[PDB]
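If you number the sequence shown the way the entry's author numbering does, the last residue is 96 and the count never jumps.
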Amino acid sequence: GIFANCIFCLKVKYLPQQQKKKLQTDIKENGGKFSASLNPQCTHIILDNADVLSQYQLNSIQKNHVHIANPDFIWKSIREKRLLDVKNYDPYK
């Protein structure tokens, strides 16, 4: 699937539970892995609009080349049946 070799940290606490779960199933059904925690193995961190990151988290993200994206990265990649440009979905840029 399109998310093969992707490891997503999900910070989507303020999404409806049904959307959190759809994110998870969309990731797993298309070859991805997801985690609640941020670590060096993460390739991506998905952040809903109301979730924020600490300076510590942002430094880890920079150091480990983690891509910061919003949920639309997942939704639209699934819809288009193709991994999109994550640079177009960065809430911090």
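Using N, Cα and C, we set each Cβ at its ideal position, and we do this for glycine too.
| Query | Result |
| --- | --- |
| What does a CB cutoff of less than 7 Å around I30 pick up in its chain, not counting 5 residues either side in sequence? | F6, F11, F37, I77 |
| In whole angstroms, give me the CA-to-CA distance for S63 and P43. | 8 Å |
| Below 8 Å, how does it come out for the stretch 9-28 and the stretch 57-74: are there three or more Cβ pairs, yes or no? | yes |
| Output needed for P94: all residues of its chain with C-beta closer than 6 Å, excluding positions within five of it in sequence on either side, in chain order. | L50, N73 |
| Assign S57 to one of three DSSP states: helix, strand, or coil. | coil |
| Could you tell me how far apart the beta carbons of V15 and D54 are, in whole angstroms, since I believe they sit closer than 8 Å? | 7 Å |
| If you draw a straight line from the C-alpha of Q60 to the C-alpha of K84, how long is it? | 30 Å |
| Excluding sequence positions up to five away, which residues of its chain have a Cβ less than 8 Å from the Cβ of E32? | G4 |
| Going by DSSP, what residues sit across from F37 in a beta bridge? | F11 |
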